[PDB]
């Protein structure tokens, strides 16, 4: 019963030093565990790919999986209060049943809400903010066990959602909602990079509510284009690529059964925004991930820099996805303060082969002020990375106020706060 266990992230490339995952079964127990522990980090659903959740030797790794997962919709207010450990699939089910909806979702819905917003998680669409952008309040258990609630409008709130877990344990969050809406997903194949000029790139990325491009970086250009269209908005002809003949997966050869419905068949928002259907429930994945988030005005130059090194990228690549994100108010969001283009890479799970490719990719993106996704694999040096965040000092002051001893600062966060 008392024997050591091995605790990893979802993809299993990160093995934590913790020999047990503590899952307190009450908020009283959680407060006491936090107060009594010298160093703490929280594990959500483990869909990070780096050391962000590692608390160091002797540090406590705790989870909310032992507490009830509550999803409380106020229909008149159009809000939902959720536990930090609740995952997006359940959140979406419950809000949809109340006739309400989120403005966006990530690719796969089986990810914790608190952990998603902690790192900058986003979907696509030129007018759609990050997942954090709909949070209007957070509730934290701080280092001494006490609760601090921070709401939108509080001078601190810009640092309180996407915080890398550095302020305390987020026990609940409240999100804003909109009326439930219908969508259609239309997939296309073969979009050239040649002739993808500023006007055409803008037209393509704005052609639906959320648009992704996918490529293998093998033949020139893009292999797929996914349009996720609201039925309450117009859909113009899309002459730029061929209509897909078959149901598609982002990664060529992987099972398209896993993916949300295509061929433009209408269905609800939460069955169209993700790329992966709720029924698809993988307990791990044999992959790594990286993503770089740049000013949207650099999209073409960045795509052209990556095209020039395509032969270096391709051998370790499962798929690359290009997305857009609206400017974020959160100080540590990779989309902070600027409309954004994102370049995501799902790699083969071969750390030794991937890291040198990541380093070369990062070099290629330096001219475009690329910020890495905090949840994913990156090798940007700490000082260089700190220089990319205008309000980093403000964040550090907030962390110092709420957590003076740095109970929630691990090695990952320490390099951000240095």
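Residue numbers count along the first chain shown, from 1.
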Of 366 to 374 and 63 to 71, the one with larger mean CA B-factor: 63 to 71
With B-factors read from the PDB entry, the higher C-alpha mean of 384 to 392 and 43 to 51 is in 384 to 392
If you check the C-alpha B-factor for each of 132, 235, 299, 193 in the entry, which is highest? 235
Could you say which of 151, 101, 183, 89 has its CA atom at the highest B factor, as listed in the PDB entry? 151
Can you tell me which third, lowest, middle or highest, the CA B-factor of residue 261 falls into for its chain? middle
Could you look up the Cα B-factor of residue 339 in the entry and say which third of the chain it sits in: lowest, middle or highest? lowest
In terms of its chain's C-alpha B-factors, the third that includes residue 289 is the lowest
Cα B factor band for residue 201 (lowest, middle or highest third within the chain): middle
When the modelled residues of the chain are sorted by Cα temperature factor, does residue 218 land in the lowest, middle or highest third? middle
